[PDB]
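Take a look at the structure below.
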Amino acid sequence: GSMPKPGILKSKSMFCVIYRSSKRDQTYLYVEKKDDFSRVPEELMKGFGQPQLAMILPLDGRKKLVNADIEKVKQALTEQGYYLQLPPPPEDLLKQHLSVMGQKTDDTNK
C-alpha cells in the first residue's frame, strides 16, 4: 500500500465531521458534513455499524487530529465524500533485529 502517482493537485480547506464507532478500539469516520455514509463498503461498515457525532471538524484551516490525518481525508471527501480512519497496530519491539554482538566469546573446544 503506497503511492503510485498523484495527479491533479487541488488543495482546498473545508469543514468535516469525525464520527466514532459505537463499539470499537479507535475507529472514526470523516465526511464533509453530518449527512450520511453511502460510499463506505458494507464489508467495512460492518465493524462501524451505527456511527455517532463525537467530534466535529471546523472549516477555518486550523484542523489537526491525532487519530487520522485530516489531509489524507481531503482527497476522500472531494472524490468520494467519506473517509474512515483506523489506527493500526504499533509494535512491542524486541531484541532480535539487526545484529550487535549477540553471542559469547571463547568457549570449551570439545
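From the set of residues in the stretch 1-20 that are of a type outside the set (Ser, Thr, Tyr) and in contact with a helix residue (DSSP H, G or I) (Cβ under 8 Å, 6 or more places away or on another chain), which is nearest to residue 33 (Cα to Cα)? Can you show your working first?
Step one: list which residues in the stretch 1-20 are of a type outside the set (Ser, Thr, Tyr), which gives 1, 3-10, 12, 14-18, 20.
From the residues that got through so far, the ones that are in contact with a helix residue (DSSP H, G or I) (Cβ under 8 Å, 6 or more places away or on another chain) too are 10, 12, 14, 16.
Numbers: 10: 20, 12: 15, 14: 10, 16: 6 Å.
Of everything passing the filter in the stretch 1-20, 16 is nearest to residue 33 (Cα to Cα).
When restricted to residues that are out of contact with any strand residue (DSSP E or B) (no Cβ under 9 Å at 6 or more places or on another chain), assigned to a loop (DSSP other than H, G, I, E, B) and among the acidic types (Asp, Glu), the stretch 37-73 contains 1.
For the structure I just gave you, tell me whether residue 79 is under 28 Å from residue 9 (Cβ atoms) and either among the β-branched types (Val, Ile, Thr) or under 12 Å from the mean Cα position of the chain (by Cα) (or both). Answer is no for this residue.
Across the stretch 48-106, the qualifying residues are those that are closer than 21 Å to residue 24 by Cα and β-branched (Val, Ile, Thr), and the one among them that is surrounded by the fewest Cβ atoms within 10 Å (Cβ to Cβ) is 66.
Is one or more of the residues making up the stretch 24-35 part of a loop (DSSP other than H, G, I, E, B), without any contact (Cβ under 8 Å) to a residue 12 or more places away in the chain and not small (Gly, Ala, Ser)?
Filtering the stretch 24-35 for residues part of a loop (DSSP other than H, G, I, E, B) gives 24-27, 32-35.
Filter once more, keeping what is without any contact (Cβ under 8 Å) to a residue 12 or more places away in the chain: 35.
From what's left, not small (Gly, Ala, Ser): 35.
Within the stretch 24-35, one or more residues are part of a loop (DSSP other than H, G, I, E, B), without any contact (Cβ under 8 Å) to a residue 12 or more places away in the chain and not small (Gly, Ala, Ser).
If only residues of the stretch 2-37 that are within 17 Å of residue 78 (Cβ to Cβ) and in contact with a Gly (Cβ under 8 Å, 6 or more places away or on another chain) are counted, the one that is surrounded by the most Cβ atoms within 10 Å (Cβ to Cβ) is 31. Of all residues in the stretch 11-23, those that are out of contact with any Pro (no Cβ under 9 Å at 6 or more places or on another chain) and in a loop (DSSP other than H, G, I, E, B) total 5. Within the stretch 38-57, the set of residues being closer than 21 Å to residue 75 by Cα and of a type in the set (A, V, I, L, M) comprises 40, 44, 45, 55, 56, 57.
Restricting attention to the stretch 86-108, which residues are hydrophobic (A, V, I, L, M, F, W, C) and under 30 Å from residue 73 (Cα atoms)?
Going through the stretch 86-108, the residues hydrophobic (A, V, I, L, M, F, W, C) turn out to be 86, 93-94, 98, 100-101.
Residues satisfying the conditions are 86, 93.
What do you reckon, is residue 110 in a loop (DSSP other than H, G, I, E, B), touching a helix residue (DSSP H, G or I) at 6+ places or on another chain (Cβ under 9 Å) and loosely packed, with under 11 Cβ neighbours inside 10 Å? It is false that residue 110 is in a loop (DSSP other than H, G, I, E, B), touching a helix residue (DSSP H, G or I) at 6+ places or on another chain (Cβ under 9 Å) and loosely packed, with under 11 Cβ neighbours inside 10 Å.
Pairs are defined by a Cβ separation below 9 Å, a sequence spacing of at least 6 or placement on different chains, a first member in the stretch 74-101 that is part of a loop (DSSP other than H, G, I, E, B), and a second member that is aliphatic (A, V, I, L, M) and surrounded by 10 or more Cβ atoms within 10 Å (Cβ to Cβ); the pairs so defined are 80/40; 81/31; 86/44; 86/68; 87/68.
Read-outs: derived from the displayed coordinates by stated rules, not from any lab. Quick reminder, even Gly has a Cβ in these numbers, built from the backbone with ideal geometry, and neighbours come from all protein chains shown.
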